[PDB]
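Structure first, commentary second.
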Ligand SMILES: *[C@@H]1O[C@H](CO)[C@@H](O[C@@H]2O[C@H](CO)[C@@H](O[C@@H]3O[C@H](CO)[C@@H](O)[C@H](O)[C@@H]3O)[C@H](O)[C@H]2NC(C)=O)[C@H](O)[C@H]1NC(C)=O
Ligand SMILES: *[C@@H]1O[C@H](CO)[C@@H](O[C@@H]2O[C@H](CO)[C@@H](O[C@@H]3O[C@H](CO)[C@@H](O)[C@H](O)[C@@H]3O)[C@H](O)[C@H]2NC(C)=O)[C@H](O)[C@H]1NC(C)=O
Ligand SMILES: *[C@@H]1O[C@H](CO)[C@@H](O[C@@H]2O[C@H](CO)[C@@H](O[C@@H]3O[C@H](CO)[C@@H](O)[C@H](O)[C@@H]3O)[C@H](O)[C@H]2NC(C)=O)[C@H](O)[C@H]1NC(C)=O
Ligand SMILES: *[C@@H]1O[C@H](CO)[C@@H](O[C@@H]2O[C@H](CO)[C@@H](O[C@@H]3O[C@H](CO)[C@@H](O)[C@H](O)[C@@H]3O)[C@H](O)[C@H]2NC(C)=O)[C@H](O)[C@H]1NC(C)=O
Ligand SMILES: *[C@@H]1O[C@H](CO)[C@@H](O[C@@H]2O[C@H](CO)[C@@H](O[C@@H]3O[C@H](CO)[C@@H](O)[C@H](O)[C@@H]3O)[C@H](O)[C@H]2NC(C)=O)[C@H](O)[C@H]1NC(C)=O
Ligand SMILES: *[C@@H]1O[C@H](CO)[C@@H](O[C@@H]2O[C@H](CO)[C@@H](O[C@@H]3O[C@H](CO)[C@@H](O)[C@H](O)[C@@H]3O)[C@H](O)[C@H]2NC(C)=O)[C@H](O)[C@H]1NC(C)=O
Ligand SMILES: *[C@@H]1O[C@H](CO)[C@@H](O[C@@H]2O[C@H](CO)[C@@H](O[C@@H]3O[C@H](CO)[C@@H](O)[C@H](O)[C@@H]3O)[C@H](O)[C@H]2NC(C)=O)[C@H](O)[C@H]1NC(C)=O
Ligand SMILES: *[C@@H]1O[C@H](CO)[C@@H](O[C@@H]2O[C@H](CO)[C@@H](O[C@@H]3O[C@H](CO)[C@@H](O)[C@H](O)[C@@H]3O)[C@H](O)[C@H]2NC(C)=O)[C@H](O)[C@H]1NC(C)=O
Ligand SMILES: *[C@@H]1O[C@H](CO)[C@@H](O[C@@H]2O[C@H](CO)[C@@H](O)[C@H](O)[C@H]2NC(C)=O)[C@H](O)[C@H]1NC(C)=O
Ligand SMILES: *[C@@H]1O[C@H](CO)[C@@H](O[C@@H]2O[C@H](CO)[C@@H](O)[C@H](O)[C@H]2NC(C)=O)[C@H](O)[C@H]1NC(C)=O
Ligand SMILES: *[C@@H]1O[C@H](CO)[C@@H](O[C@@H]2O[C@H](CO)[C@@H](O)[C@H](O)[C@H]2NC(C)=O)[C@H](O)[C@H]1NC(C)=O
Ligand SMILES: *[C@@H]1O[C@H](CO)[C@@H](O[C@@H]2O[C@H](CO)[C@@H](O)[C@H](O)[C@H]2NC(C)=O)[C@H](O)[C@H]1NC(C)=O
Ligand SMILES: *[C@@H]1O[C@H](CO)[C@@H](O)[C@H](O)[C@H]1NC(C)=O
Ligand SMILES: *[C@@H]1O[C@H](CO)[C@@H](O)[C@H](O)[C@H]1NC(C)=O
Ligand SMILES: *[C@@H]1O[C@H](CO)[C@@H](O)[C@H](O)[C@H]1NC(C)=O
Ligand SMILES: *[C@@H]1O[C@H](CO)[C@@H](O)[C@H](O)[C@H]1NC(C)=O
Ligand SMILES: *[C@@H]1O[C@H](CO)[C@@H](O)[C@H](O)[C@H]1NC(C)=O
Ligand SMILES: *[C@@H]1O[C@H](CO)[C@@H](O)[C@H](O)[C@H]1NC(C)=O
Ligand SMILES: *[C@@H]1O[C@H](CO)[C@@H](O)[C@H](O)[C@H]1NC(C)=O
Ligand SMILES: *[C@@H]1O[C@H](CO)[C@@H](O)[C@H](O)[C@H]1NC(C)=O
Ligand SMILES: *[C@@H]1O[C@H](CO)[C@@H](O)[C@H](O)[C@H]1NC(C)=O
């Protein structure tokens, strides 16, 4: 949304992937080597658990309160006790609304930042050997046998050994 | 988060083009042309209508509030009704100041990211046939006319036909 | 949120900076000269100055309040006195803990985005004669002396003067 | 070849900008210029109170309590219903002075009923003079009393101890308004009741409302020394009402219907206009579309929340450059 | 077959077709891949008894158990953490009505104890253990177990001047009443005088009750009525009673101490589980930070809101399947 | 290496860092090191109340009601104006025992006025002997009574029916304080008033108060069993005050002027010192720069709102790198 990762960046979701939140999928002569990156996922699961721990498991200690239901009518004293409880409810009802609305907008922006980081960190490894083709997919312009996907996920890619062949094929 | 939009790649843009909030300005051989992107504007409009509809038209109905004006001094009861009167308004006044402060910041940051999203989407469609000037202008580096504008946006763009032109002009 | 996270992609900074919040470092035959900048301070200190302006210096005053401590027990009139006081404190405590959570998360994201904001600005100025080194550094591929680094801080740099010598060593 | 050399069109950008924008405050800064903004607080009133959605009963220099007791200047208020009762500041009573402990309590609960359906109830009244008349309280250019009360004096020269009751057999609860007379001197005590001492014990199956009629001299209002103290009792559909007297009793002529409703009461002096609006303030009726208000803190209906802040701008655009100053 | 130069790499995020609606600022109908409920809209239907002690109402009112009603004799010397009162409770004994019923109910509920010790007042010239035909215990007449009903001894009434000073380091509570006879003959038959006046005093505060004579609506073939008052005796003070006629003699004191005990009104039965929060609808789990079953609660309980539900997003934007 | 340096210039970026970190709680990553943080709650007090704004009036073994009735110990509070009356737990009354109905009403009404501008006015007392004297109370090493009250005693063996009027000719409110005597013995009442019965009525054109004394035996405090219940009336301008009573009337000496202002009442034990501050608490005084506090809920003046929290921190910087890998 904020980073524009939904409207035209990926353009679709994946339904068959239930073993991870972020993954790498590629197509070549070998096969579909789908794999997941648990390091970026650990940031999201640690954040959402910490937010819940501030909310769940927290109780407020209240023992004695004023009477709320009355079977007999009384003067201004009855009207004040009925009014003061309603003011507590309305303030707590509205504070509950912002305790839901604000964090829902926050968690949408935060998940797109992880997607934006994952998209941008691939560009850092491939300085000039990768350009997006308009649907969230990068073209590599050299061979990507099984050693490539191990380097990308582990962030151990070295561009020096693949520099000469990639630039030669793309230009001339 | 601002992203350096107003003080960066704008440089005191024109006040005109009242058709849309965002658009493109070009100066080709024939002359000048303007075109407002209606899709990006409608995305921000739905956000504002979502914010307004939360507050407007959703008032709460109250009937028999307590007396809030006394022409004569009274004892313990008057000091209690006046106090709950004062502390209720102070909570809402701080609540109202807190409400409009976050929404205005959220509105400004979202609109800045919308211009960044259009900035990103344009440069994704151009692999190496573009070069940013640094103030909101894109160097085309190839021949272009009015046939560009209809093709660049509405899912009918081809980049391979104009690829050969930029290699000769940019590096020589 | 997060943005570059100032950890990972970039690393530990310099602890000796006592005259600024941001700086630059260059490597050449002259030295390792480092200095701060006042350009980013104007967009930075205005946030903190505006943050404490609404809190410090603006306080609602009170003149008369209800009695909150009782040395003797009474009936329903005393129980309502303690009930309205507990509700007032608890709501203010809930707003105070939530407000410092929202402001600090907003403050962290902005100062993390400021480093990311300037990273794109340097990349836009250095169009094709410089490449990202990956570890939070810019690779220049050509000589850039002390007169050269002045144009970077002035945000006015010409690429045509050094385009020829940088391009030949970039591809080789 | 006008210098373009067929190189670039530069594909530059733009934005919407207004040179007369508004100032909107936020977390980061309180002096940010925005292209367009709107106000969430309505600080204006039409000066008139409208009554299209809710039925409003004009005070006409009559408050609620004297309408409940029936002063001769409030004769038109018999058997009328309201959704909101307005009271004028210039209200006055032209009859005998009435006092009541917890005056705001009876004012609040009668207003919440929202009706004045009063039904006359038969009683015995044997050996006691009924239909009391009084000179200073004039109705129709003639001596009279409150419409909903009945001043009881002695018959001949005897005042038998009244032991009367009136069971309730209906579903709706009954509301009674009965007063106790406090004569100025002991001469008035003998002349009107032929008995020096007296006391009233009124009891139901759930509550007792006994009161002693203390005698004394008060400052004169319209040249009388006496005062009247009003008390109210409410009878459930199960139990009954019992009245015992030995002097200084002003028994009611019936019962008042009480029911839950949306009615209320407020003090105002603005005139009544003709429009459609769900909110009523003592200043006047205001539109309720805005979420916040600062017109007044007294509300009825769907009025917005009262905020101390005067202006609350909400941004509807983007940041605007100062223009031609860079 | 695919060429080696046609290598591509794509990125994305997972999605589930079973999306749920989550209300937020942007739109009220945005689908999220997963969400959890933040409010508790359901209850078990009964009150568990394990973290706190709950004393069953058993068709008894708290004031009735305080005075010692014959139908409610099983509540003697019992302590509670949360008293419950049944909505169908009724009493068939001497009719009573107190000034400030909400006051006397609340203060004894705060202490939560009914510890009692017998004090021997110095009575003389009067009779004790006064009984009435309205209340039946063991096929015989009786009265409240904690109030001593005073009648006449011979055709005389002594000038009472009796006191009971306190020297212990805790606060007492003397439940003393006043009796309102129905007829003047009953006034003569019980005290043999025209009228009576009662005044009690401590070092700090004093009370004075003037009983009234008159007919009242008949309840169980008796028109008499009793009104019960109370007083608090601090250490170092003294309670002095001077009265003649219509006096209800207290039989002792009720211990008062600060605590977490309270009172609630419900009709649900009891249960056995580890839940802590108690509502009249029943016990509810505390994992939800909000609840809407009722605004009346006891113990560690979440806040009350009027909203039906509150959905919080725990995932990214959920794109539903492909375009088709 | 000078050889490699010829065409390998580098430009890196970094941010400010500090070796000592501060933990700031927020919605995500509650244990995060922050370069610089500012406190939001002030929990430290000097322990003495500052005097430099509006003057505070010390208790000095005296309370507000005792200063109102004119106790011999409270003679220093005659027509003294304040904006904050402070009370002490060591204050006690030894002149004569008294009790009032609705103590919170009269305590707040006098404290809200904050003025004791007493103005003695003439009356028409006939047939009675004023200025009652009790040996229990000592004023200036001599037996006396309350300075602002009149304990009416009989003349010869006759007590007339008092009917006194008191019109108002000025446009401000007046507070009249009248009490009723409750003797402890039947012999005492017949000796002082020569009448077993007794009834006191005070009436205005808006409200009336009427009470009767309750004769009976009461516990002795400082060799006296009798009591006086204190009652107060408010007379609006244009109203006529009428008092009709037969015995046991504690006649007022005058009236107390009532003003509307910021005067209130507090109870504490902190001493008074010479210092400058705007907020006053029972525990002392604190600066009002911070918008939150946790020291005490009862406050007077410009004070921050009470918060049930140990401390609150606000991050004023970026996340700190853990340093050295
Ligand atoms: C107790 O004292 C009060 C206050 O003085 C007495 O009230 C006053 O009574 C006199 C005699 O009736 C009133 O004077 C009369 O007033 C009107 C004027 O139009 C008229 O009827 C007569 O010409 C005569 O002047 C006087 O107004 C009244 N004072 C007030 C303030 O109303 C009261 O009578 C005394 N009580 C007893 C039992 O005597
Ligand atoms: C409640 O109603 C009963 C109805 O019986 C009242 O009892 C009656 O009260 C009157 C006085 O109000 C008694 O009369 C008195 O009797 C003797 C002998 O004559 C003497 O003390 C007096 O001279 C006077 O006449 C009467 O006997 C008594 N009973 C009956 C059967 O009539 C009772 O007073 C009422 N209570 C109140 C507060 O009004
Ligand atoms: C959507 O997210 C929620 C949490 O926000 C998931 O609910 C949680 O799901 C886990 C799955 O392991 C539950 O743990 C298991 O629950 C039961 C009962 O204890 C039992 O099978 C296991 O012992 C284990 O603990 C967990 O209780 C549950 N949390 C709550 C609060 O219900 C939910 O599964 C997610 N939805 C999907 C479709 O993944
Ligand atoms: C003053 O009026 C009250 C209210 O009417 C009288 O109380 C009523 O007295 C009658 C006669 O004693 C009672 O009727 C009796 O009730 C029972 C029914 O089991 C039984 O003893 C007799 O068969 C007879 O019907 C009646 O219940 C009672 N209460 C009511 C509410 O009517 C009172 O007697 C009157 N006082 C005087 C002094 O006349
Ligand atoms: C407080 O207690 C005292 C006693 O300590 C009570 O005084 C007593 O009052 C009664 C009348 O209520 C007196 O009886 C009368 O005495 C004389 C004897 O010549 C005569 O007038 C009558 O024939 C009658 O018998 C009694 O003597 C008196 N006691 C003493 C010791 O003086 C007082 O009434 C009590 N007050 C209350 C409110 O209970
Ligand atoms: C952490 O940041 C805070 C601000 O959030 C720094 O507080 C700074 O403290 C100084 C010294 O008190 C302030 O200087 C002030 O200047 C004038 C003239 O003297 C006057 O208003 C005060 O007397 C005071 O001296 C300064 O404004 C304030 N803020 C800033 C932004 O510098 C604090 O020093 C920082 N901590 C560290 C360890 O750097
Ligand atoms: C009702 O009983 C109470 C409690 O016993 C009586 O109060 C007590 O009255 C006696 C009267 O002799 C007081 O004793 C005297 O005290 C002082 C001590 O300095 C002195 O004047 C005498 O030497 C004598 O000892 C006693 O202090 C007092 N006790 C209390 C706690 O106040 C009360 O008098 C009785 N009332 C009636 C009407 O009989
Ligand atoms: C209110 O004040 C009036 C006077 O302003 C009081 O009325 C008067 O009361 C006295 C007794 O206190 C009466 O005197 C008695 O009159 C007859 C005939 O002589 C007889 O019973 C006695 O021998 C005695 O003298 C007097 O007549 C009466 N009226 C007047 C006009 O003076 C009234 O008592 C006061 N009320 C209260 C509650 O204080
Ligand atoms: C600022 O924007 C608001 C809406 O956010 C505009 O107000 C609308 O004006 C149109 C007519 O032009 C009406 O139909 C709408 O009902 C208005 N909406 C609201 C919420 O009032 C307003 O005109 C804009 N102002 C400027 C100066 O451009
Ligand atoms: C609405 O009426 C209220 C009073 O009910 C006005 O508030 C007062 O206005 C007067 C002047 O008319 C000021 O002296 C007071 O200070 C105001 N406030 C209070 C609390 O009394 C209010 O101005 C009226 N509003 C409009 C829009 O006319
Ligand atoms: C929880 O209990 C409350 C209190 O009894 C219920 O609220 C009442 O429900 C009855 C059902 O007949 C309605 O007639 C009333 O109008 C409700 N309100 C009041 C104030 O009495 C509530 O429904 C119960 N909730 C659940 C989930 O069982
Ligand atoms: C302020 O003074 C009071 C009174 O001496 C201190 O007393 C505490 O009062 C609270 C309730 O208000 C109790 O829970 C504590 O047990 C009391 N004692 C202590 C030692 O805290 C109070 O501490 C003082 N507050 C400060 C911040 O110093
Ligand atoms: C520009 O750079 C020069 C050095 O080349 C420096 O002295 C100057 O301060 C910079 N800024 C401006 C605004 O000239
Ligand atoms: C008071 O109201 C009555 C009844 O409507 C009316 O006749 C009378 O003129 C009003 N009085 C004034 C002074 O307006
Ligand atoms: C009214 O009371 C008298 C006297 O007690 C009695 O005779 C008569 O029957 C009563 N009348 C009615 C209608 O109740
Ligand atoms: C009226 O009272 C007089 C008093 O003298 C008495 O003689 C007469 O009989 C009474 N008449 C009636 C009808 O009660
Ligand atoms: C009232 O409670 C008692 C004690 O448990 C029981 O014996 C009796 O049956 C109950 N009464 C009714 C009507 O349920
Ligand atoms: C009880 O009081 C009497 C006098 O009424 C006295 O003689 C007796 O000693 C007292 N008894 C006790 C146990 O104090
Ligand atoms: C704070 O910094 C000092 C100075 O570098 C260092 O010695 C000390 O260990 C640091 N404290 C902590 C807790 O790391
Ligand atoms: C007091 O009032 C009486 C009323 O008879 C009058 O004669 C007398 O002069 C008055 N005294 C004073 C001092 O005003
Ligand atoms: C005092 O009263 C007595 C009562 O007998 C009377 O004889 C005497 O004259 C009175 N004295 C004076 C001075 O009024």
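Note: ideal-geometry Cβ built from the backbone for every residue, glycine included; neighbour counts use all protein chains shown. Bear in mind that the values in this text are calculations on the coordinates, not laboratory data.
Some observations on this one:
- Cα-derived Rg to Rh of chain F, Kirkwood definition: 1.28
- Rounded tilt (10° steps) of F:103-113 against the dominant C-alpha axis of chain F: 70 degrees
- Shielding of peptide F:300-307 by partners, expressed as the average count of other chain Cβ atoms within 10 Å per residue Cβ, is 6.
- Largest mean-square fluctuation among E:124, E:231, E:24, in a Gaussian network model of chain E whose springs join Cα atoms under 10 Å apart, belongs to E:24.
- Chain E: antiparallel DSSP beta bridges as a percent of all, rounded to 5: 75 percent
- Helix A:38-55 axis, angle to chain A major axis (alpha carbon atoms, nearest 10°): 10 degrees
- The other copies place their residue A:15 label points at 5.4, 5.5 nm from this one, listed shortest first, where each point is 7 Å from Cα along Cα→Cβ.
- Residue with peak Gaussian network fluctuation, chain E [Cα springs, cutoff 10 Å], from E:112, E:214, E:282: E:214
- Note on residue F:6/residue C:171: beta-carbon distance plugged into 1/(1 + (r/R0)^6) with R0 of 22 Å gives a FRET efficiency of 0.75.
- Spin-label zone in segment C:83-99 - amide nitrogen under 20 Å from a point set 7 Å from the Cα of residue A:58 along the C-beta vector: C:86-99
- By average C-beta atoms within 10 angstrom, highest first, the peptides D:148-154, D:134-140: D:148-154, D:134-140
- The alpha carbons of segment A:15-172 give a radius of gyration and a Dmax of 28.2, 95 Å, in that order.
- Counts of other chain beta carbons within 10 angstrom of each beta carbon in peptide D:311-322 average 6.
- Ranked from shortest, the separations from the 7 Å Cα-to-Cβ label point of residue A:59 to its equivalents in the other copies are 3.7, 4.1 nm.
- By the count of other C-beta atoms within 10 Å, a proxy for reagent exposure, D:45, D:226, E:42 are ordered fewest to most as E:42, D:45, D:226.
- Degrees separating the helix A:76-125 axis from the principal Cα axis of chain A, which is the longest one: 0 degrees
- Debye-sum result for the protein assembly as shown in log10 I(q)/I(0), which assumes one identical scatterer on each alpha carbon, at q = 0.05, 0.06, 0.08 Å⁻¹: -0.57, -0.76, -1.13
- Value of [θ]222 nm, deg cm²/dmol, for the protein assembly as shown, DSSP H segments ≥ 4, -39500 (n - 2.57) each, nearest 500: -7000 deg cm²/dmol
- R0 of 35 Å, Cβ-Cβ distance residue D:126-residue D:222: FRET efficiency to nearest 0.05: 0.55
- Fewest-first ordering of C:122, E:279 by other beta carbons within 10 Å of each residue's beta carbon gives C:122, E:279.
- Under 17 Å from a label point set 7 Å out along the Cα-to-Cβ vector of residue D:170, the amide N atoms of segment D:220-261 belong to D:233-241, D:252-261.
- Largest GNM mean-square fluctuation among F:43, F:163, F:20, using chain F with Cα springs under 10 Å: F:20.
- Centre-to-centre, using Cα atoms only, segment E:12-32 and segment E:246-273 are separated by 51 Å.
- The listed peptides E:269-277, D:113-121, ordered by packing as a protection proxy, come out as D:113-121, E:269-277 (highest mean of other Cβ atoms within 10 Å first).
- For residue C:165, the distances from its label point to the matching points in the remaining copies are 3.4, 3.5 nm, ordered from shortest, with each point set 7 Å beyond Cα toward Cβ.
- Cα centroid separation - segment D:100-138 against segment A:80-120, whole Å: 55 Å
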